[PDB]
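So the protein lines, in turn, are chains J, K, B, A, E and D.
First residue of the first sequence? That's 298 in the entry's author numbering, and the numbers climb one at a time after it.
First residue of the second sequence? That's 5 in the entry's author numbering, and the numbers climb one at a time after it.
First residue of the third sequence? That's 4 in the entry's author numbering, and the numbers climb one at a time after it.
First residue of the fourth sequence? That's 11 in the entry's author numbering, and the numbers climb one at a time after it.
First residue of the fifth sequence? That's 51 in the entry's author numbering, and the numbers climb one at a time after it.
First residue of the sixth sequence? That's 298 in the entry's author numbering, and the numbers climb one at a time after it.
These notes concern the structure reproduced below.
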Amino acid sequence: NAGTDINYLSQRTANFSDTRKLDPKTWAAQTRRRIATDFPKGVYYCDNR
Amino acid sequence: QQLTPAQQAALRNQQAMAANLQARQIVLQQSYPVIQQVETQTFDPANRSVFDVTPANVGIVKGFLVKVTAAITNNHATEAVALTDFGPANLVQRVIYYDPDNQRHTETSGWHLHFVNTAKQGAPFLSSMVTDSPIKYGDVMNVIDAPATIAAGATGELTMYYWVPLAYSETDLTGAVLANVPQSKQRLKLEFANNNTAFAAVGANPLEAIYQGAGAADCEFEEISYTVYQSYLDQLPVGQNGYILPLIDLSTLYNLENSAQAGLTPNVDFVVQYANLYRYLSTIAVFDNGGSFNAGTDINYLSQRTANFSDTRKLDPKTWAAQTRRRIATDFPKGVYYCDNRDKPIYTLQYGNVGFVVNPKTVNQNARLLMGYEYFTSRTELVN
Amino acid sequence: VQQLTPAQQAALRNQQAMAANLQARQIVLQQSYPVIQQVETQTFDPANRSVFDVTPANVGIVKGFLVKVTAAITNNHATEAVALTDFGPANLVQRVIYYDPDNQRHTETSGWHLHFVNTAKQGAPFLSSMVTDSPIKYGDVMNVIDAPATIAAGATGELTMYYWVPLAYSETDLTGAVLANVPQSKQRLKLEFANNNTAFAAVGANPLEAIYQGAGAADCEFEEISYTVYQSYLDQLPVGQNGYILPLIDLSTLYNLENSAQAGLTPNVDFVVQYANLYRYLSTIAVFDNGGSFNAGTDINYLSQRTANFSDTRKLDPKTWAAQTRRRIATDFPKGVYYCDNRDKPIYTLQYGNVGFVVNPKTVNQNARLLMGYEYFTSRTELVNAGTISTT
Amino acid sequence: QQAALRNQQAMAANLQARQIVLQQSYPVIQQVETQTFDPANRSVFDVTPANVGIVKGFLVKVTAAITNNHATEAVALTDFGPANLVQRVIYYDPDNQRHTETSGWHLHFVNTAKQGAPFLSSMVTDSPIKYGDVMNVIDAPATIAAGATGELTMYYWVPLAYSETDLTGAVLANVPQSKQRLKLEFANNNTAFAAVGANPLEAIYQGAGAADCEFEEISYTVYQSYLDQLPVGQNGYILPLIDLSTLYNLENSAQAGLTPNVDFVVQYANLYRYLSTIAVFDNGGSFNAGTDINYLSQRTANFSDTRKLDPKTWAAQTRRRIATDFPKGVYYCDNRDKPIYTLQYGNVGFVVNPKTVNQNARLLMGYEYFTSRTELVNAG
Amino acid sequence: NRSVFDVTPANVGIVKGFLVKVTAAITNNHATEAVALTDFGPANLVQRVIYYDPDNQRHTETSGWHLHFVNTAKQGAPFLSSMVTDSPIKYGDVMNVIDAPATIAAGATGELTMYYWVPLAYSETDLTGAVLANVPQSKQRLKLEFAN
Amino acid sequence: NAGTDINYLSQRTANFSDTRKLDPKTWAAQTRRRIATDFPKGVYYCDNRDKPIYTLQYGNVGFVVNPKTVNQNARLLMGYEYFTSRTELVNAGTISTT
C-alpha cells in the first residue's frame, strides 16, 4: 500500500527520542528530494549519508 | 601606523567572514539534525482561517515544513471548476515568521514561497518526474496533488507542502535562528485560503484562487488540515567561552517578501527599484495583466538595469525563459518570471541603484507587477 | 504632626548613596537610547482561554510594557441591547502580575486600577483625545482607546484598550526599573483577560468587573480578543571604570500597584482601611461598590486620611474631595471612584496602621465594600521580609 | 582629553548669559505690518521686520472671506482647512541666512506640537461660567453653502527662538542695517478650492461647488516678538553666543516610490539635530486613519528600529504629546529630548511600511531641527 | 480540533515535576447502546507525555497509563484514590479528584477528572533527576498528547 | 459544599506571592496524599509539617480563600496545630486579620 497502512515511520534513538518521526506522505516528501519521484508502493527510503 | 579606518573595518570584516565560515564548517561537522512535528490541526476555514503556531525553543532552527491537506466540494448544479495556474499553492494565502526577539523574518504569499521552494530545489518542488521506467516509481504517494477539475457534485482532495526557511540551506546557516536561550516567541502565523479566496468565477482574477470555473459560486471547503514540522540542530557543540556559534549567520535575516507595483503603459520601461541595503538573491515578477496571465506575449523584454542605464540582461521573453529553464528544468506558470542573483546578489551601494525592468507590449485595465524577493541584508557602516 | 517625619531621611543615610544614585541615573538617561519594541502578539477566543504569561526580552533596563488590547463583541440577543458599564473597555484586562528575573513580584492589580493610575500619572484620562474648538480636523481620528456606547441586538462592536504596566516610575525617574541584561532567568508578565463570564452583566447585576450591561447580556459573547505587548527599555547602557554606571537605589526599589478589598461598612460610622508600614504610598484609590450600585458621592458623608493620635489631615465632603481630584486629572473619575494623591509626601507609617484611609458612609447597601488600589515604593528587602496590607 | 571640558564650560557660559538676557531685557510684541488684498491680483508678500534687539518670532494673523458663487452646490472644509490660508513661509535673517522654509500646514502642526494641544484652540469643559469659543481666534465655517460667504481666521507663529525661555535660534537684529525678510505665500483661487475627487491636501474647502468659489479678500497682520533693553556689561552686550549662532528651522520635503508591504525609508541628513518629524501619507489624494499603513518606525537602516509601531500605537504616543490625534494621514514623532543626529548622512531613517499604495502616493515630510553656525556673531 | 499541546514551564529554581489536572466531558449519542469503562479508563485521557529540559535533553517519554501506574507504585496505593472505611464521619469521595462514571448510557454525558504527576526529581527528598535552571538558554517543553 | 463555592485556596507571603494557589480539586488531591481520602464537605486541610509557617513579623504569611459564592452569614472556621515559643505566646501573641 501507498502509506495508507502506516501511521508513521521514524529513526529512533537512544537519547532524543525520534530524530524524524513523520507521517507517510511527509516521509515520502523527503524521498522525493533524493530521487525526484516516489519508490514503488510500500517501499520506504531513508538517507543518512 | 596610520589607522585607515575604512580599510581596517574591511580588514576586520574579512576576518569576520573567515571566522563565520569556520564556525559554520565546525557546526556542520560536529550537532545532529532533527525534524519533529510541532502542531497539527483540522478545521473548516468558514470558522477560522488564521493560526498562530508556536515553534518549540530548541537549538538552532533551520526552517519549517508545512503539510496542508484539504477537501473541496463543488455543489453547483451543473458546472465544473478547474485548477488555476497556482492551484494548491494558494491553499496558504500568507505566512509570517517572528523570532524570539520578535524580529520579523519572512512575510509573503503562499504562491511566492512555493516558487522559491521550486527555485531552490532546481525543479518543481517535491514533484514526481515522469520517466520510461517499467518499475513502478511515479506519483505513488501524492505528496503535492490536486485534481485538475472538480465536477458539479464532486469532492476533490488536495495535498500541498511549503518549506518556510530561516537558514538559507542545509549547509549554509545564514538566517538560522539561535536557541541557546531566553528569548520571546516566534509567531509562525499561517493565513489559509477560505471560500472567498479559493474560488474564482469565470472572468474574475484567478491570482489568489485554487479553482476557477462556472461552478465557483457553489464551491466550498469541507475542511483543511495542517501539520507543521520544525527542522533544527540539536546537541550544539560547546567549547571554551560556551556554544561554538556562527555569529554572522545567526544575526543575519534570510527573508522572502512580496509587493505589488502598478503604472504600466505599452512600450514604456516599467522600472521597479531595488529597495537598498538588502542583498537580493532572487526576484520573481508576476505580470497580472488585469486578471490575464500570458505566456510572454504581452511583454517586449525584461531586464535588470543599474544606474547608468546599462542593462546586464535585457532579454526577449523566450530567452529570459530559457535562462529559467536552466535553473528549474521547466517554465514557471504563465506570467511568472524568475531571476537568479544568488552568486552575485543585487546590492545597491555596491553599484548604484538597480532596478528590475519590464517593457510591456500590451497593458489591460488594472495591470500590475507582483514582485517577490528573496534577500539577506544586514547592517551597514562608514566614515571619513 | 502625623508621625515619623523628615528623620526617615537621616535614617537611610547615603546622602552619598542618594547623590550617587541620582548621578548614575542621569548618566544612564543621557547615554543610553530608549527603545519600544513589540515582544508578543496573539489572537484568541475567551471561550478557550483567557490567561496568558508573556515573556519579556531580557535586555538593558526595562521601564515598562504598553499593552494593546482589541476585541470584537457580538450581541446575539434577539431583541435587547447592552450598554457600556462605567469602566467599559478598562475591564478588557481583569488582572496583571509582573515577576522580575529574581522571582520578585512588582505590580499585582486589576485592569481597572492599573488604568486609573495610568490616568492619574498622565494628568488626564489616559490616551484620550481632548475636545477643542479647533477648525483644523484634530480629534478622535485614530480611536486609540475606544468602545461603542451600546451594542444593539444582533450587532458586533469593536473595542480598543491600552494599559501601561510600569516598572520605572516615569521616563525621568528610574525608581522601580528592572535590570534585565544580567541573568538568563526569565521575566513573567501575566495577563488575565475578560471572558464571556466577566464581560457582560445582566440588568440588576453588579457591573464592577463588566464591560457591558443590559437586557441582552446573557446572549453577548466575544468573537475574539487580540493583544500586543510592547516593551520599553533603555539600551546601550553607559560603562565606566567599574563597569556599568547604574542607579543602585533606583534598581533596588520596587514601584508597584496593588489592590485589596475591605468590607464591614455601617451607616455614619468611620470605616478605616489601615496602610501597612515599610511601603511609601504615592496614591490611593478607593471604589465604593455599594452592593452593585455606584453613586456620585451621595452615599458618603466624608472621606479622609488619618493618623492615630493627630486626627485627619484631609477630612472632606465628597464634592470637595472630588475638587482636589479635578486639579490632578482635569475631570472626575467614574461614579464611586475616589482618588488621593500623596506623591510629594508619601504615606509612610514606620508602624503598621499609623496612617488609615477613611470613608464614613451615609448609606450602606447589602454586600457593600471598598475596593482599594495603591501605588507605592518599597525597599525590595522590606517587602520581602516585613510587609501586609489590610487592617481588618 | 580637554574637548569635553571646553564644551561643558562653553555651555555653562552661554547659559548664564541667556538667563541675564531673559532677566534684564523686556519682551515686546509689536505690529509691523497689515495688508488687505485680493488673491486674484497677488498672493506673495515680502514683509520687512524691524531691526531691533533680539527677535524671537512672528505671530501672523490671517483673515479671509470666501464666497461660494456656485448656483446650488456647497463646499466643506478639508482636513487642514484654514491652516492652508498660508501656503508657504520663508525667513531670511540680516546675514542672508535662511531659517524656516516650510508649508503653512507643517508650520501649524509644529505650533500645535509645541503648545501640547491644537494651537490657540478653546478646550470644551462642563463649566457653567461662559468660557468657551467666545473670540473665534482660529475659526472657519464647516461648510459654505451655495451663494454664501464665510469668514475665516487663522494664526501662525513663525519661530526664530526655540521658546520663550530657550533663545536657541533667536536673531540679533539690532546689529545691522541689513534687512530681514519674512516671505509669505498665501492661498489663492487656484489652491484654496478642491473639486470632488481632487486632492484636498493644499486646499481649504472641497466640494461640488468648488469651481465657483473665490476669495472676496484676504488680510494679514504680522506681529513681531522681540526682547528690548538688552543688558550691557564690561566688554558690552551680554549675549548667549551659542543661542545666536544656532539656527532653529522648520523645513519640508516630498518623497515618492512607495510599494505595498515594503519599507519606505526617508533618510535624515547629518549635521542637523532633528527635534521632531511629521510625515503625511498623501495616498494619491486619499488620507486614511492608519488603515493604509502596516507600521511606522525610526531606524539605523536594515537594523532596527528604536520604535517600530502599528499605526494606533504610534498615534497613542502622539496623544501624550498633543492630547488628541493629528488629522487623518498625519503622523508625528517627538525626538526633543534626544534629537536625531547621525554624523553620517542616513544612518538614521524614518520608516513607513504601507499596506495599500494608490496612484501618485507620496510622503510629505516636515522637520524641526537645530544646526549650526560656522563662526560666531558680530559683537562690539 | 486539536489534541497535541506543547506547554512551556517557567524557568525558576530547581524543578521537581508537574502535576497535570485533566477533565473531560464525553457524550454517548448512540441510539440504544451504552459504553463501559475499560480497565485503564481515565488513565487513557492522556495518550503520551514527553519532557525536554533547557538543554533539550529528553527525560520521560511514555504513555499516560504507564505514568499513572508508576504514580500509583510510588504512592503505595492507587494514585490519589479515596480509601473506603467504616467511619461514620463523612470522609470519602467528596471531591472526585480522580473519577469517571462506570458507564455512559445511550444519550448521556459523563464527566471525568484525572491527575498525572510527571516527575523530574525522584521524590520530595531525593532530588536525583531534578532540573535546574541556572542554564542560560532555552525553555523547557512539556508535550501532552491527549485522547481523541 | 464540595469545593463548588470556591475559586481557589492558597498560602501567601506578603511580597512574593502564593506558594500554593490551587483550584479546590487540586488542593484536595494534596490532602488525599496525607489522609488517603477527602475530609468532609467544606473542610480544607494544609500540611506544613516539614517547613512550619513561621513569620517573625505578624501577618507575613496568610491563608487565602477566594470564594465563588458567598451566602448570608458566611465564615471560615480556622483550626491550627503549632509549636510556639512558650515565652512568645505568653508575652506577644493574637490571632486575627479582620
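Using N, Cα and C, we set each Cβ at its ideal position, and we do this for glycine too.
Look up residue i in the DSSP assignment and say whether it is helix, strand or coil.
i: K/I139; result: coil
i: K/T384; result: coil
i: E/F119; result: helix
i: A/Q308; result: strand
i: K/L268; result: coil
i: B/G376; result: strand
i: B/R28; result: helix
i: A/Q33; result: helix
i: A/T175; result: coil
i: K/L211; result: coil
i: A/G114; result: helix
i: K/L281; result: coil
i: E/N94; result: helix
i: A/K124; result: helix
So, residue i versus residue j, is the Cβ gap smaller than 8 Å?
i: D/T328; j: D/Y342; result: yes
i: B/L162; j: B/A152; result: no
i: D/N312; j: B/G390; result: yes
i: A/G267; j: A/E83; result: no
i: E/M164; j: D/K322; result: no
i: A/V361; j: A/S307; result: yes
i: K/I248; j: K/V31; result: yes
i: B/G359; j: B/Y278; result: yes
Between residue i and chain E, is the shortest Cβ-Cβ distance under 8 Å, so that the two count as touching?
i: J/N304; result: no
In whole angstroms, give me the CA-to-CA distance for residue i and residue j.
i: K/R309; j: K/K318; result: 8 Å
i: A/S188; j: A/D103; result: 9 Å
i: A/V181; j: A/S255; result: 9 Å
i: B/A93; j: B/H118; result: 6 Å
i: K/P241; j: E/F196; result: 35 Å
i: K/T269; j: A/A326; result: 42 Å
i: residue 465 of chain B; j: K/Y282; result: Residue coverage of chain B in this structure runs from 4 to 395, which leaves residue 465 of chain B outside it and unanswerable.
i: A/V272; j: B/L285; result: 46 Å
8 Å is my cut-off, CB to CB: does residue i come that close to chain A?
i: residue 3 of chain B; result: Outside the modelled stretch of chain B, which goes from 4 to 395, sits residue 3 of chain B, for which no answer is possible.
i: K/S113; result: no
Does any CB atom of chain J fall closer than 8 Å to the CB of residue i?
i: E/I148; result: no
i: K/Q34; result: no
Less than 8 Å between CB atoms is the rule here; does residue i satisfy it with respect to chain K?
i: E/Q97; result: no
i: J/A333; result: yes
Are the C-beta of residue i and some C-beta of chain D separated by less than 8 Å?
i: B/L386; result: yes
i: E/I139; result: yes
Of all the CB atoms in chain B, is at least one closer than 8 Å to the CB of residue i?
i: K/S188; result: yes
i: K/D48; result: no
The ligand PLP and residue i: does the residue's C-beta get closer than 7 Å to at least one heavy atom of that ligand?
i: A/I64; result: As presented, the structure is devoid of all ligands, the ligand PLP included, so that no description of it is given.
> Residue ranges of each beta strand (DSSP E) run of no fewer than 3 residues wholly in the region 220 to 252 of chain K, ordered along the chain?
Replying inline: 223 to 238
>> Could you tell me which whole beta strand (DSSP E) segments of length 3 or greater appear in the region 65 to 92 of chain E?
In response: 67 to 77
>> As an exercise, report each continuous alpha helix (DSSP H) stretch of at least 4 residues that is fully enclosed by the region 298 to 342 of chain K, in chain order.
In response: 321 to 332
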